[PDB]
>>> print(open('run.pdb').read())   # PDB, C-alpha atoms (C1' of nucleotides)
ATOM      1  CA  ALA V  16      91.199  97.542 123.916  1.00  0.00           C
ATOM      2  CA  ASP V  17      92.660  99.855 121.251  1.00  0.00           C
ATOM      3  CA  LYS V  18      90.438 101.899 118.964  1.00  0.00           C
ATOM      4  CA  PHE V  19      90.572 103.368 115.465  1.00  0.00           C
ATOM      5  CA  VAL V  20      88.518 106.405 114.436  1.00  0.00           C
ATOM      6  CA  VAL V  21      87.305 105.806 110.879  1.00  0.00           C
ATOM      7  CA  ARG V  22      86.541 108.666 108.526  1.00  0.00           C
ATOM      8  CA  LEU V  23      83.564 107.348 106.569  1.00  0.00           C
ATOM      9  CA  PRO V  24      82.253 108.241 103.094  1.00  0.00           C
ATOM     10  CA  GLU V  25      78.897 109.948 102.401  1.00  0.00           C
ATOM     11  CA  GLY V  26      76.436 107.037 102.529  1.00  0.00           C
ATOM     12  CA  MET V  27      77.917 104.609 105.069  1.00  0.00           C
ATOM     13  CA  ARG V  28      77.228 106.607 108.245  1.00  0.00           C
ATOM     14  CA  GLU V  29      73.486 105.920 108.270  1.00  0.00           C
ATOM     15  CA  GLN V  30      73.541 102.726 106.169  1.00  0.00           C
ATOM     16  CA  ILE V  31      75.801 101.142 108.794  1.00  0.00           C
ATOM     17  CA  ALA V  32      73.319 101.866 111.617  1.00  0.00           C
ATOM     18  CA  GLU V  33      70.396 100.478 109.608  1.00  0.00           C
ATOM     19  CA  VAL V  34      71.979  97.019 109.334  1.00  0.00           C
ATOM     20  CA  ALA V  35      73.037  97.093 113.008  1.00  0.00           C
ATOM     21  CA  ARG V  36      69.501  97.368 114.425  1.00  0.00           C
ATOM     22  CA  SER V  37      68.128  94.808 111.955  1.00  0.00           C
ATOM     23  CA  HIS V  38      70.897  92.511 113.223  1.00  0.00           C
ATOM     24  CA  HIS V  39      70.149  93.383 116.871  1.00  0.00           C
ATOM     25  CA  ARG V  40      73.716  94.437 117.720  1.00  0.00           C
ATOM     26  CA  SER V  41      75.548  97.754 118.165  1.00  0.00           C
ATOM     27  CA  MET V  42      77.261  99.602 115.312  1.00  0.00           C
ATOM     28  CA  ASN V  43      80.747  98.758 116.587  1.00  0.00           C
ATOM     29  CA  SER V  44      79.488  95.161 116.842  1.00  0.00           C
ATOM     30  CA  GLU V  45      78.406  95.255 113.193  1.00  0.00           C
ATOM     31  CA  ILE V  46      81.580  96.809 111.779  1.00  0.00           C
ATOM     32  CA  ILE V  47      83.882  94.392 113.605  1.00  0.00           C
ATOM     33  CA  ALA V  48      81.725  91.416 112.599  1.00  0.00           C
ATOM     34  CA  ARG V  49      81.915  92.456 108.923  1.00  0.00           C
ATOM     35  CA  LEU V  50      85.628  93.204 109.205  1.00  0.00           C
ATOM     36  CA  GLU V  51      86.430  89.727 110.527  1.00  0.00           C
ATOM     37  CA  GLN V  52      84.394  88.118 107.745  1.00  0.00           C
ATOM     38  CA  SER V  53      86.386  90.127 105.177  1.00  0.00           C
ATOM     39  CA  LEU V  54      89.671  89.077 106.788  1.00  0.00           C
ATOM     40  CA  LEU V  55      88.451  85.467 106.698  1.00  0.00           C
ATOM     41  CA  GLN V  56      87.798  85.705 102.936  1.00  0.00           C
ATOM     42  CA  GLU V  57      91.545  86.381 102.602  1.00  0.00           C
ATOM     43  CA  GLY V  58      92.302  82.953 104.132  1.00  0.00           C
ATOM     44  CA  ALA V  59      91.343  81.423 100.756  1.00  0.00           C
TER      45      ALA V  59
ATOM     46  CA  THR Y  10      81.340 120.446 100.930  1.00  0.00           C
ATOM     47  CA  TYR Y  11      82.392 116.916 101.970  1.00  0.00           C
ATOM     48  CA  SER Y  12      86.127 116.770 102.657  1.00  0.00           C
ATOM     49  CA  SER Y  13      88.005 114.515 105.064  1.00  0.00           C
ATOM     50  CA  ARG Y  14      87.620 117.068 107.877  1.00  0.00           C
ATOM     51  CA  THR Y  15      83.858 117.055 107.247  1.00  0.00           C
ATOM     52  CA  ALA Y  16      83.509 113.247 106.948  1.00  0.00           C
ATOM     53  CA  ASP Y  17      81.660 111.130 109.537  1.00  0.00           C
ATOM     54  CA  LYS Y  18      84.169 109.817 112.087  1.00  0.00           C
ATOM     55  CA  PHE Y  19      83.430 106.608 114.023  1.00  0.00           C
ATOM     56  CA  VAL Y  20      85.602 104.991 116.714  1.00  0.00           C
ATOM     57  CA  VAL Y  21      85.905 101.241 116.147  1.00  0.00           C
ATOM     58  CA  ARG Y  22      86.929  99.467 119.340  1.00  0.00           C
ATOM     59  CA  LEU Y  23      89.075  96.684 117.919  1.00  0.00           C
ATOM     60  CA  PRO Y  24      89.541  93.273 119.595  1.00  0.00           C
ATOM     61  CA  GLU Y  25      93.058  92.231 120.629  1.00  0.00           C
ATOM     62  CA  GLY Y  26      95.580  92.149 117.774  1.00  0.00           C
ATOM     63  CA  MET Y  27      92.895  92.639 115.131  1.00  0.00           C
ATOM     64  CA  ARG Y  28      94.302  96.104 114.504  1.00  0.00           C
ATOM     65  CA  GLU Y  29      97.702  94.579 113.717  1.00  0.00           C
ATOM     66  CA  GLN Y  30      95.852  92.198 111.395  1.00  0.00           C
ATOM     67  CA  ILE Y  31      94.250  95.032 109.395  1.00  0.00           C
ATOM     68  CA  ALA Y  32      97.638  96.792 109.254  1.00  0.00           C
ATOM     69  CA  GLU Y  33      99.386  93.853 107.585  1.00  0.00           C
ATOM     70  CA  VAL Y  34      96.594  93.639 105.012  1.00  0.00           C
ATOM     71  CA  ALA Y  35      96.569  97.419 104.479  1.00  0.00           C
ATOM     72  CA  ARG Y  36     100.313  97.558 103.717  1.00  0.00           C
ATOM     73  CA  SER Y  37     100.143  94.671 101.246  1.00  0.00           C
ATOM     74  CA  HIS Y  38      97.199  96.226  99.403  1.00  0.00           C
ATOM     75  CA  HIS Y  39      98.978  99.595  99.329  1.00  0.00           C
ATOM     76  CA  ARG Y  40      96.260 101.605 101.050  1.00  0.00           C
ATOM     77  CA  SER Y  41      95.823 103.613 104.246  1.00  0.00           C
ATOM     78  CA  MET Y  42      94.162 101.918 107.175  1.00  0.00           C
ATOM     79  CA  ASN Y  43      91.109 104.094 106.708  1.00  0.00           C
ATOM     80  CA  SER Y  44      90.759 103.078 103.048  1.00  0.00           C
ATOM     81  CA  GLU Y  45      91.374  99.477 104.075  1.00  0.00           C
ATOM     82  CA  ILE Y  46      88.427  99.475 106.521  1.00  0.00           C
ATOM     83  CA  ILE Y  47      86.204 101.341 104.038  1.00  0.00           C
ATOM     84  CA  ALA Y  48      87.023  99.006 101.140  1.00  0.00           C
ATOM     85  CA  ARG Y  49      86.159  95.923 103.205  1.00  0.00           C
ATOM     86  CA  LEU Y  50      82.958  97.389 104.662  1.00  0.00           C
ATOM     87  CA  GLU Y  51      81.806  98.633 101.242  1.00  0.00           C
ATOM     88  CA  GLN Y  52      82.345  95.173  99.772  1.00  0.00           C
ATOM     89  CA  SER Y  53      80.681  93.404 102.716  1.00  0.00           C
ATOM     90  CA  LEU Y  54      77.680  95.727 102.354  1.00  0.00           C
ATOM     91  CA  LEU Y  55      77.332  95.145  98.595  1.00  0.00           C
ATOM     92  CA  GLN Y  56      77.412  91.345  99.016  1.00  0.00           C
ATOM     93  CA  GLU Y  57      74.163  91.491 101.010  1.00  0.00           C
ATOM     94  CA  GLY Y  58      72.669  93.958  98.491  1.00  0.00           C
ATOM     95  CA  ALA Y  59      73.080  91.613  95.499  1.00  0.00           C
TER      96      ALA Y  59
ATOM     97  CA  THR J  10     115.543 107.608 105.796  1.00  0.00           C
ATOM     98  CA  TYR J  11     113.034 106.757 103.055  1.00  0.00           C
ATOM     99  CA  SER J  12     109.719 108.613 103.344  1.00  0.00           C
ATOM    100  CA  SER J  13     107.348 109.601 100.523  1.00  0.00           C
ATOM    101  CA  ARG J  14     109.130 112.935 100.028  1.00  0.00           C
ATOM    102  CA  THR J  15     112.409 111.001  99.683  1.00  0.00           C
ATOM    103  CA  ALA J  16     111.194 108.261  97.309  1.00  0.00           C
ATOM    104  CA  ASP J  17     112.587 107.790  93.785  1.00  0.00           C
ATOM    105  CA  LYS J  18     110.544 109.710  91.231  1.00  0.00           C
ATOM    106  CA  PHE J  19     110.025 108.537  87.667  1.00  0.00           C
ATOM    107  CA  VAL J  20     107.979 110.566  85.197  1.00  0.00           C
ATOM    108  CA  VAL J  21     105.786 108.132  83.275  1.00  0.00           C
ATOM    109  CA  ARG J  22     104.594 109.289  79.851  1.00  0.00           C
ATOM    110  CA  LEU J  23     101.138 107.712  79.565  1.00  0.00           C
ATOM    111  CA  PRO J  24      99.304 106.953  76.302  1.00  0.00           C
ATOM    112  CA  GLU J  25      95.857 108.235  75.271  1.00  0.00           C
ATOM    113  CA  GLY J  26      93.312 108.062  78.104  1.00  0.00           C
ATOM    114  CA  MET J  27      95.287 105.762  80.422  1.00  0.00           C
ATOM    115  CA  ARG J  28      95.306 108.506  83.055  1.00  0.00           C
ATOM    116  CA  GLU J  29      91.526 108.630  83.599  1.00  0.00           C
ATOM    117  CA  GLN J  30      91.413 104.859  83.318  1.00  0.00           C
ATOM    118  CA  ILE J  31      93.973 104.531  86.132  1.00  0.00           C
ATOM    119  CA  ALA J  32      92.285 107.203  88.282  1.00  0.00           C
ATOM    120  CA  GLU J  33      88.935 105.416  87.932  1.00  0.00           C
ATOM    121  CA  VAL J  34      90.327 102.061  89.021  1.00  0.00           C
ATOM    122  CA  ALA J  35      92.281 103.881  91.769  1.00  0.00           C
ATOM    123  CA  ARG J  36      89.101 105.312  93.323  1.00  0.00           C
ATOM    124  CA  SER J  37      87.410 101.992  92.684  1.00  0.00           C
ATOM    125  CA  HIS J  38      90.019 100.445  94.988  1.00  0.00           C
ATOM    126  CA  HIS J  39      90.274 103.287  97.540  1.00  0.00           C
ATOM    127  CA  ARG J  40      93.841 104.181  96.623  1.00  0.00           C
ATOM    128  CA  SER J  41      95.925 107.080  95.362  1.00  0.00           C
ATOM    129  CA  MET J  42      96.934 106.818  91.707  1.00  0.00           C
ATOM    130  CA  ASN J  43     100.494 106.396  92.900  1.00  0.00           C
ATOM    131  CA  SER J  44      99.654 103.457  95.182  1.00  0.00           C
ATOM    132  CA  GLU J  45      97.387 102.123  92.450  1.00  0.00           C
ATOM    133  CA  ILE J  46     100.283 102.122  89.943  1.00  0.00           C
ATOM    134  CA  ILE J  47     102.797 100.677  92.427  1.00  0.00           C
ATOM    135  CA  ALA J  48     100.328  97.942  93.403  1.00  0.00           C
ATOM    136  CA  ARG J  49      99.859  96.749  89.813  1.00  0.00           C
ATOM    137  CA  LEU J  50     103.545  97.038  88.914  1.00  0.00           C
ATOM    138  CA  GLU J  51     104.483  95.084  92.024  1.00  0.00           C
ATOM    139  CA  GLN J  52     102.044  92.276  91.255  1.00  0.00           C
ATOM    140  CA  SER J  53     103.256  92.193  87.667  1.00  0.00           C
ATOM    141  CA  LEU J  54     106.876  91.812  88.800  1.00  0.00           C
ATOM    142  CA  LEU J  55     106.551  88.958  91.304  1.00  0.00           C
ATOM    143  CA  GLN J  56     104.318  87.196  88.786  1.00  0.00           C
ATOM    144  CA  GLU J  57     107.477  87.183  86.635  1.00  0.00           C
ATOM    145  CA  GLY J  58     109.445  85.609  89.521  1.00  0.00           C
TER     146      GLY J  58
ATOM    147  CA  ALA P  16     101.224 111.941  75.799  1.00  0.00           C
ATOM    148  CA  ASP P  17     100.594 113.347  79.292  1.00  0.00           C
ATOM    149  CA  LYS P  18     102.969 112.844  82.210  1.00  0.00           C
ATOM    150  CA  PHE P  19     102.524 111.449  85.725  1.00  0.00           C
ATOM    151  CA  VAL P  20     105.393 111.381  88.238  1.00  0.00           C
ATOM    152  CA  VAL P  21     105.473 108.120  90.193  1.00  0.00           C
ATOM    153  CA  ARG P  22     107.092 107.789  93.599  1.00  0.00           C
ATOM    154  CA  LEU P  23     108.445 104.241  93.651  1.00  0.00           C
ATOM    155  CA  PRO P  24     109.352 102.434  96.900  1.00  0.00           C
ATOM    156  CA  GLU P  25     112.884 101.357  97.864  1.00  0.00           C
ATOM    157  CA  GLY P  26     113.885  98.622  95.398  1.00  0.00           C
ATOM    158  CA  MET P  27     111.389  99.264  92.588  1.00  0.00           C
ATOM    159  CA  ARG P  28     113.516 101.433  90.307  1.00  0.00           C
ATOM    160  CA  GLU P  29     116.368  98.927  89.950  1.00  0.00           C
ATOM    161  CA  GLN P  30     113.820  96.124  89.781  1.00  0.00           C
ATOM    162  CA  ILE P  31     112.004  97.714  86.845  1.00  0.00           C
ATOM    163  CA  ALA P  32     115.308  98.722  85.254  1.00  0.00           C
ATOM    164  CA  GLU P  33     116.450  95.094  85.153  1.00  0.00           C
ATOM    165  CA  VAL P  34     113.231  93.728  83.682  1.00  0.00           C
ATOM    166  CA  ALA P  35     113.190  96.477  81.029  1.00  0.00           C
ATOM    167  CA  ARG P  36     116.764  95.623  80.029  1.00  0.00           C
ATOM    168  CA  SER P  37     115.625  92.019  79.894  1.00  0.00           C
ATOM    169  CA  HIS P  38     112.770  92.821  77.480  1.00  0.00           C
ATOM    170  CA  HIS P  39     114.920  95.241  75.407  1.00  0.00           C
ATOM    171  CA  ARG P  40     112.554  98.134  76.173  1.00  0.00           C
ATOM    172  CA  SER P  41     112.630 101.656  77.523  1.00  0.00           C
ATOM    173  CA  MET P  42     111.839 101.830  81.241  1.00  0.00           C
ATOM    174  CA  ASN P  43     108.725 103.868  80.480  1.00  0.00           C
ATOM    175  CA  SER P  44     107.791 101.288  77.815  1.00  0.00           C
ATOM    176  CA  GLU P  45     108.200  98.522  80.371  1.00  0.00           C
ATOM    177  CA  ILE P  46     106.084 100.354  82.965  1.00  0.00           C
ATOM    178  CA  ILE P  47     103.309 101.044  80.472  1.00  0.00           C
ATOM    179  CA  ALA P  48     103.374  97.559  78.947  1.00  0.00           C
ATOM    180  CA  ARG P  49     102.885  96.219  82.462  1.00  0.00           C
ATOM    181  CA  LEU P  50     100.277  98.776  83.536  1.00  0.00           C
ATOM    182  CA  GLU P  51      98.461  97.924  80.293  1.00  0.00           C
ATOM    183  CA  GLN P  52      98.189  94.169  80.742  1.00  0.00           C
ATOM    184  CA  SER P  53      97.378  94.746  84.417  1.00  0.00           C
ATOM    185  CA  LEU P  54      94.367  96.892  83.551  1.00  0.00           C
ATOM    186  CA  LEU P  55      92.781  94.716  80.864  1.00  0.00           C
ATOM    187  CA  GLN P  56      93.548  91.642  83.003  1.00  0.00           C
ATOM    188  CA  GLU P  57      91.167  92.722  85.764  1.00  0.00           C
ATOM    189  CA  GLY P  58      89.063  94.488  83.117  1.00  0.00           C
ATOM    190  CA  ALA P  59      88.479  90.929  81.893  1.00  0.00           C
ATOM    191  CA  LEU P  60      86.750  90.097  85.189  1.00  0.00           C
ATOM    192  CA  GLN P  61      83.385  90.501  83.452  1.00  0.00           C
ATOM    193  CA  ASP P  62      81.991  87.394  85.194  1.00  0.00           C
ATOM    194  CA  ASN P  63      85.478  85.890  85.755  1.00  0.00           C
TER     195      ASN P  63
ATOM    196  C1'  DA C   1     115.590 113.904  82.860  1.00  0.00           C
ATOM    197  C1'  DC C   2     115.739 114.489  87.747  1.00  0.00           C
ATOM    198  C1'  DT C   3     114.182 116.117  92.173  1.00  0.00           C
ATOM    199  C1'  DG C   4     113.251 119.905  96.029  1.00  0.00           C
ATOM    200  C1'  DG C   5     109.246 121.280  97.427  1.00  0.00           C
ATOM    201  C1'  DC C   6     104.408 123.523  97.525  1.00  0.00           C
ATOM    202  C1'  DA C   7      99.769 123.607  98.369  1.00  0.00           C
ATOM    203  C1'  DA C   8      96.283 120.724  99.274  1.00  0.00           C
ATOM    204  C1'  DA C   9      94.421 116.496 100.752  1.00  0.00           C
ATOM    205  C1'  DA C  10      94.281 112.476 103.545  1.00  0.00           C
ATOM    206  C1'  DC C  11      95.743 110.096 108.167  1.00  0.00           C
ATOM    207  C1'  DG C  12      96.007 108.915 112.632  1.00  0.00           C
ATOM    208  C1'  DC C  13      94.576 110.229 116.924  1.00  0.00           C
ATOM    209  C1'  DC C  14      93.307 112.843 120.789  1.00  0.00           C
ATOM    210  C1'  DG C  15      90.177 114.554 124.012  1.00  0.00           C
ATOM    211  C1'  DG C  16      86.364 116.205 124.544  1.00  0.00           C
ATOM    212  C1'  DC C  17      81.290 115.979 123.649  1.00  0.00           C
ATOM    213  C1'  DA C  18      76.365 113.704 124.010  1.00  0.00           C
TER     214       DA C  18
ATOM    215  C1'  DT E   1      77.641 103.319 122.872  1.00  0.00           C
ATOM    216  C1'  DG E   2      77.737 107.211 119.504  1.00  0.00           C
ATOM    217  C1'  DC E   3      79.735 111.829 117.820  1.00  0.00           C
ATOM    218  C1'  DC E   4      83.222 115.290 116.257  1.00  0.00           C
ATOM    219  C1'  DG E   5      86.598 119.752 116.091  1.00  0.00           C
ATOM    220  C1'  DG E   6      90.851 119.965 115.268  1.00  0.00           C
ATOM    221  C1'  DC E   7      96.186 119.028 116.156  1.00  0.00           C
ATOM    222  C1'  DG E   8     100.205 117.556 113.938  1.00  0.00           C
ATOM    223  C1'  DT E   9     101.661 114.634 110.624  1.00  0.00           C
ATOM    224  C1'  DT E  10     102.555 112.182 106.041  1.00  0.00           C
ATOM    225  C1'  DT E  11     101.130 111.619 101.325  1.00  0.00           C
ATOM    226  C1'  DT E  12      99.734 113.129  96.673  1.00  0.00           C
ATOM    227  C1'  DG E  13      99.599 115.399  92.490  1.00  0.00           C
ATOM    228  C1'  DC E  14     102.258 118.366  90.026  1.00  0.00           C
ATOM    229  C1'  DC E  15     104.987 121.604  89.127  1.00  0.00           C
ATOM    230  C1'  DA E  16     109.184 124.897  88.130  1.00  0.00           C
ATOM    231  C1'  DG E  17     114.388 125.057  88.789  1.00  0.00           C
ATOM    232  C1'  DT E  18     118.481 122.702  87.845  1.00  0.00           C
TER     233       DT E  18
END
>>> encode(input="run.pdb", output="C-alpha cells")
Amino acid sequence: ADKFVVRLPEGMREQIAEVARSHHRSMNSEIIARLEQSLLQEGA
Amino acid sequence: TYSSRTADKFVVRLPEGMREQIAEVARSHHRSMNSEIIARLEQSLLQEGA
Amino acid sequence: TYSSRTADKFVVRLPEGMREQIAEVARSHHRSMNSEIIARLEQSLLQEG
Amino acid sequence: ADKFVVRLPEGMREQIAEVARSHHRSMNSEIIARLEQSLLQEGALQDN
DNA sequence: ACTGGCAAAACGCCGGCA
DNA sequence: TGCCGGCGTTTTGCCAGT
C-alpha cells in the first residue's frame, strides 16, 4: 500500500492522537476514516 | 519557529486507489495534496467540536 | 511545456482592502492567493456557461 | 490601488478576455467584478 | 504592460529512526 | 505503528528590466 507523509499544522499532531485512543483505533486508522467520510460528503 | 521543515510529519498509509481519489479532489479545489488532507481533517475535527 | 514559471501573468490592480480580504479567505481555505483567485474566477466562469 | 500578479492556467487569459469583451469592460475590471461577487457570495454564508 | 527570474516557502518523498 | 532530517523539486509573491 502506498503512503503519503503529511506535514501537519501546529495543533493537529496531538489533537489527532487524542481522538484515536478515544475511538480505540490507531492514528492512521483515524485519519483514513475521517478522510473517507470527507470524500463521501462530496458525493452529495 | 514553525516552518514547513519544522512541521509535524505523519505517514498516512492509504488504501488502494484512495490516493488517486484525493488527487482528483485536490486538483479541482486548486490546492496541494497536503493542504487537501489538512483542510478535510480540520473540517472533520470541527464538526465533532460543534 | 506549461509549468508555474511559464504561466501567463496578469497584474491585477485591486481596490481598497481586497488584498487582505483575499489572503484571509485564502488561508481559510488552505490555498495560495494565486490558487485562491484562480479558483473563484474559474467557478465564476463556468457558472456563466 | 495595489497590484498583485496572477499566474493564470492555460486557457484562462483568452477565456477572461472574451467575457470582458462581452461585458464591455477592462480585463482587470472583469476580474475584479468577478472576484468581488465571489467574495460576498460566500461571505453571505452567515447561516446559509 | 509584460515577463525572466529571485529568494523564500511549500511539496513530495525518501530512508532512516524509535 | 509512530517519528523526522533533509534531498530535490515546484510554487508563490513580487519585483526590476525591457
>>> closest_atom_pairs(input="run.pdb", of="chain E", to="chain J", cutoff="10 Å", atoms="all atoms listed in the file", output="Markdown table")
| residue | atom | partner | partner_atom | distance |
| --- | --- | --- | --- | --- |
| E:10 | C1' | J:13 | CA | 7.8 |
| E:11 | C1' | J:13 | CA | 6.6 |
| E:12 | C1' | J:41 | CA | 7.3 |
| E:13 | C1' | J:42 | CA | 9.0 |
>>> write_last_selection(input="run.pdb", atoms="C-alpha atoms (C1' of nucleotides)", output="mmCIF file, in the coordinates of the input")
data_model
loop_
_atom_site.group_PDB
_atom_site.id
_atom_site.type_symbol
_atom_site.label_atom_id
_atom_site.label_comp_id
_atom_site.auth_asym_id
_atom_site.auth_seq_id
_atom_site.Cartn_x
_atom_site.Cartn_y
_atom_site.Cartn_z
ATOM 1 C "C1'" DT E 10 102.555 112.182 106.041
ATOM 2 C "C1'" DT E 11 101.130 111.619 101.325
ATOM 3 C "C1'" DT E 12 99.734 113.129 96.673
ATOM 4 C "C1'" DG E 13 99.599 115.399 92.490
#
>>> residues_around(input="run.pdb", residues="residue 22 in chain P", least_positions_apart="4", cutoff="6 Å", atoms="all atoms listed in the file", output="JSON, numbers by chain")
{"J": [16, 17, 18]}
>>> resolve_selection(input="run.pdb", expression="the PyMOL selection byres ((chain Y) within 6 of (chain V))", output="VMD selection string")
chain Y and resid 16 to 23 43
>>> interface_residues(input="run.pdb", of="chain E", to="chain V", cutoff="12 Å", atoms="only C-alpha atoms (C1' of nucleotides)", output="list in words")
residues 1, 2, 3 and 4 of chain E
>>> closest_atom_pairs(input="run.pdb", of="chain C", to="chain J", cutoff="10 Å", atoms="all atoms listed in the file", output="Markdown table")
| residue | atom | partner | partner_atom | distance |
| --- | --- | --- | --- | --- |
| C:1 | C1' | J:20 | CA | 8.6 |
| C:2 | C1' | J:18 | CA | 7.9 |
| C:3 | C1' | J:18 | CA | 7.4 |
| C:4 | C1' | J:14 | CA | 9.0 |
| C:5 | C1' | J:14 | CA | 8.7 |
| C:10 | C1' | J:41 | CA | 9.9 |
>>> interface_residues(input="run.pdb", of="chain P", to="chain E", cutoff="12 Å", atoms="all atoms listed in the file", output="JSON, numbers by chain")
{"P": [17, 18, 19, 20, 21, 22]}
>>> write_last_selection(input="run.pdb", atoms="C-alpha atoms", output="PDB file, in the frame of the given file")
ATOM      1  CA  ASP P  17     100.594 113.347  79.292  1.00  0.00           C
ATOM      2  CA  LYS P  18     102.969 112.844  82.210  1.00  0.00           C
ATOM      3  CA  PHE P  19     102.524 111.449  85.725  1.00  0.00           C
ATOM      4  CA  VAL P  20     105.393 111.381  88.238  1.00  0.00           C
ATOM      5  CA  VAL P  21     105.473 108.120  90.193  1.00  0.00           C
ATOM      6  CA  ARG P  22     107.092 107.789  93.599  1.00  0.00           C
TER       7      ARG P  22
END
>>> closest_atom_pairs(input="run.pdb", of="chain C", to="chain Y", cutoff="12 Å", atoms="only C-alpha atoms (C1' of nucleotides)", output="tab-separated table")
residue	atom	partner	partner_atom	distance
C:8	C1'	Y:12	CA	11.4
C:9	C1'	Y:13	CA	8.0
C:10	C1'	Y:13	CA	6.8
C:11	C1'	Y:41	CA	7.6
C:12	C1'	Y:42	CA	9.1
C:13	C1'	Y:20	CA	10.4
C:14	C1'	Y:20	CA	11.7
>>> closest_residue(input="run.pdb", among="J:51, J:56, J:37, J:32", to="chain P", atoms="only C-alpha atoms")
J:51
>>> interface_residues(input="run.pdb", of="chain P", to="chain J", cutoff="9 Å", atoms="all atoms listed in the file", output="VMD selection string")
chain P and resid 16 to 25 27 to 28 30 to 31 34 42 to 44 46 to 47 49 to 54
>>> atom_distance(input="run.pdb", atom1="CA of residue 30 in chain Y", atom2="CA of residue 56 in chain V")
13.4 Å
>>> atom_distance(input="run.pdb", atom1="CA of residue 35 in chain Y", atom2="CA of residue 38 in chain J")
11.9 Å
>>> atom_distance(input="run.pdb", atom1="CA of residue 26 in chain Y", atom2="CA of residue 55 in chain J")
28.8 Å
>>> axis_aligned_box(input="run.pdb", around="range 15-18 of chain E", padding_each_side="8 Å", output="AutoDock Vina command-line options")
--center_x 111.7 --center_y 123.3 --center_z 88.5 --size_x 29.5 --size_y 19.5 --size_z 17.3
>>> closest_residue(input="run.pdb", among="Y:28, Y:47, Y:56, Y:15", to="chain E", atoms="all atoms listed in the file")
Y:15
>>> interface_residues(input="run.pdb", of="chain Y", to="chain J", cutoff="6 Å", atoms="all atoms listed in the file", output="ChimeraX atom specification")
/Y:39-40,44
>>> write_last_selection(input="run.pdb", atoms="C-alpha atoms", output="short mmCIF file (atom, residue, chain, number, x, y, z; two decimals), in the coordinates of the input")
data_model
loop_
_atom_site.label_atom_id
_atom_site.label_comp_id
_atom_site.auth_asym_id
_atom_site.auth_seq_id
_atom_site.Cartn_x
_atom_site.Cartn_y
_atom_site.Cartn_z
CA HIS Y 39 98.98 99.60 99.33
CA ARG Y 40 96.26 101.60 101.05
CA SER Y 44 90.76 103.08 103.05
#
>>> build_atoms(input="run.pdb", residues="range 10-23 of chain Y", atoms="N, CA and C atoms", output="mmCIF file, keeping the file's coordinate frame")
data_model
loop_
_atom_site.group_PDB
_atom_site.id
_atom_site.type_symbol
_atom_site.label_atom_id
_atom_site.label_comp_id
_atom_site.auth_asym_id
_atom_site.auth_seq_id
_atom_site.Cartn_x
_atom_site.Cartn_y
_atom_site.Cartn_z
ATOM 1 N N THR Y 10 82.442 120.679 99.948
ATOM 2 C CA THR Y 10 81.340 120.446 100.930
ATOM 3 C C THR Y 10 81.599 119.227 101.824
ATOM 4 N N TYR Y 11 82.144 118.160 101.237
ATOM 5 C CA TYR Y 11 82.392 116.916 101.970
ATOM 6 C C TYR Y 11 83.842 116.450 101.861
ATOM 7 N N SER Y 12 84.716 117.119 102.609
ATOM 8 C CA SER Y 12 86.127 116.770 102.657
ATOM 9 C C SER Y 12 86.369 115.735 103.747
ATOM 10 N N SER Y 13 87.641 115.463 104.021
ATOM 11 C CA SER Y 13 88.005 114.515 105.064
ATOM 12 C C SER Y 13 87.844 115.109 106.466
ATOM 13 N N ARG Y 14 87.867 116.435 106.581
ATOM 14 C CA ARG Y 14 87.620 117.068 107.877
ATOM 15 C C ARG Y 14 86.122 117.147 108.177
ATOM 16 N N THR Y 15 85.310 117.034 107.128
ATOM 17 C CA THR Y 15 83.858 117.055 107.247
ATOM 18 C C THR Y 15 83.303 115.654 107.494
ATOM 19 N N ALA Y 16 83.975 114.643 106.938
ATOM 20 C CA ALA Y 16 83.509 113.247 106.948
ATOM 21 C C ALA Y 16 83.107 112.695 108.324
ATOM 22 N N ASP Y 17 82.226 111.698 108.313
ATOM 23 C CA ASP Y 17 81.660 111.130 109.537
ATOM 24 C C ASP Y 17 82.621 110.170 110.235
ATOM 25 N N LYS Y 18 83.246 110.640 111.309
ATOM 26 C CA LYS Y 18 84.169 109.817 112.087
ATOM 27 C C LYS Y 18 83.412 108.807 112.948
ATOM 28 N N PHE Y 19 84.015 107.641 113.169
ATOM 29 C CA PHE Y 19 83.430 106.608 114.023
ATOM 30 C C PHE Y 19 84.513 105.749 114.665
ATOM 31 N N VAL Y 20 84.602 105.781 115.993
ATOM 32 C CA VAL Y 20 85.602 104.991 116.714
ATOM 33 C C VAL Y 20 85.240 103.514 116.696
ATOM 34 N N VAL Y 21 86.124 102.687 116.145
ATOM 35 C CA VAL Y 21 85.905 101.241 116.147
ATOM 36 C C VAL Y 21 86.798 100.570 117.177
ATOM 37 N N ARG Y 22 86.184 100.089 118.252
ATOM 38 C CA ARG Y 22 86.929 99.467 119.340
ATOM 39 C C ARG Y 22 87.343 98.060 118.937
ATOM 40 N N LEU Y 23 88.576 97.939 118.461
ATOM 41 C CA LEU Y 23 89.075 96.684 117.919
ATOM 42 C C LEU Y 23 89.431 95.690 119.014
#
